[PDB]
Enquirer: 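Here it is, the structure, as structure tokens.
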Amino acid sequence: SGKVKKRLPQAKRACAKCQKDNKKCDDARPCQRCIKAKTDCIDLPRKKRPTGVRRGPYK
DNA sequence: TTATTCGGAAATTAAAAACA
DNA sequence: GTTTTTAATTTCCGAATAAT
Ligand SMILES: [Zn+2]
Ligand SMILES: [Zn+2]
């Protein structure tokens with residue numbers, strides 16, 4: 001049988017450069033893509049979705 | 001050829017809602 | 001107080017364009 005492409009598990013979080021490039025980060029810091037690119041590997045904070053927006057009843 | 005860009009599918013996730 | 005629902009948000013696939 002031929003090989004099926006394993007969708008890799010996602011990184012716990014993506015560093016700023018992997019976020020900008022829309023590419024695969026990892027759980028090392030610096031991440032592997034930043035080591036290869038010789039670029040600063042920085043973690044930036046996530047957006048927190050707001051409180052106080054009703055949804056209406058669930059199915 | 002490799003490097004960079006990015007649209008959008010798929011995955012994550014957290015407040016609302018539902019439940020105990 | 002648990003847990004479930006499901007839309008805000010994030011991750012990165014993959015297919016393009018740009019650079020070399
Ligand atoms: Zn990264
Ligand atoms: Zn990085």
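In what follows, chains are A, B, ... by sequence order, proteins preceding strands, each numbered from 1. Atoms considered below: every heavy atom in the structure, side chains included; atoms not considered: hydrogens, waters and symmetry mates.
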Enquirer: NA contact type, A/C25, heavy-atom cut-off 4.0 Å: base, sugar-phosphate, or nothing?
Expert: sugar-phosphate
Enquirer: Tell me whether the side-chain N or O atoms of A/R55 pair up with the base of B/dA17 as donor and acceptor below 3.5 Å, since no angle test is needed here.
Expert: no
Enquirer: Under 3.5 Å, is there any donor-acceptor pair linking the side chain of A/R49 to the base of B/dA15?
Expert: yes
Enquirer: Quick test: give all pairs of protein nitrogen or oxygen and nucleotides 18-20 of chain B nitrogen or oxygen below 3.5 Å, distance rounded to 0.1 Å.
Expert:
{"from": "B/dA18", "atom 1": "OP1", "to": "A/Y58", "atom 2": "N", "distance (Å)": "3.0"}

Enquirer: Roughly, in whole Å, what's the span from CZ in A/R13 to P in B/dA14?
Expert: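 These atoms are roughly 11 Å apart.
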Enquirer: Could you state the atom-to-atom distance from CZ of A/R33 to P of C/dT11 in whole Å?
Expert: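 To the nearest whole Å, that distance equals 13 Å.
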Enquirer: Between P on B/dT2 and NZ on A/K36, what's the gap in Å once rounded to a whole number?
Expert: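 Result: 11 Å.
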Enquirer: Under a 4.5 Å cut-off applied to non-hydrogen side-chain atoms, are A/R29 and A/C15 in contact?
Expert: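 Yes; the side chains approach each other to less than 4.5 Å.
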Enquirer: With a 4.5 Å heavy-atom cut-off, do A/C18 and A/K20 have their side chains touching?
Expert: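 With C-beta onward as the side chain, the pair stays apart.
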Enquirer: What are the atom names and distances for every N/O pair under 3.5 Å that joins the protein to nucleotides 14-16 of chain C?
Expert:
{"from": "C/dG14", "atom 1": "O6", "to": "A/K23", "atom 2": "NZ", "distance (Å)": "2.7"}

Enquirer: Would you say the side-chain atoms of A/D43 pair up with the backbone N or O of A/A16, donor to acceptor, closer than 3.5 Å?
Expert: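 Side chain of A/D43 to backbone of A/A16, a donor-acceptor pair under 3.5 Å: no, none is there.
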Enquirer: In whole Å, what is the span from the CG atom of A/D26 to the P atom of C/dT11?
Expert: 13 Å
Enquirer: The sugar of C/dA16: north or south, by the sign of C1'-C2'-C3'-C4'?
Expert: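 It's north.
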Enquirer: Please determine if a side-chain N or O atom of A/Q10 lies less than 4.0 Å away from the OP1 or OP2 oxygen of C/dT10.
Expert: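 Result: no.
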Enquirer: Between C/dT9, B/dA15, C/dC12, spot the one nearest the side chain of A/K47, thanks.
Expert: C/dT9
Enquirer: Return the set of residues passing salt bridge (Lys or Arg N to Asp or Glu O under 4.0 Å) with A/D26 (not counting sequence neighbours), or none when no residue passes.
Expert: none
Enquirer: When the distance from CD of A/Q19 to P of B/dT4 is rounded to whole Å, what number comes out?
Expert: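 My rounded result for the distance is 18 Å.
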Enquirer: Starting at atom CG of A/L8, determine the distance to atom P of C/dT11, rounded to an integer number of angstrom.
Expert: 15 Å
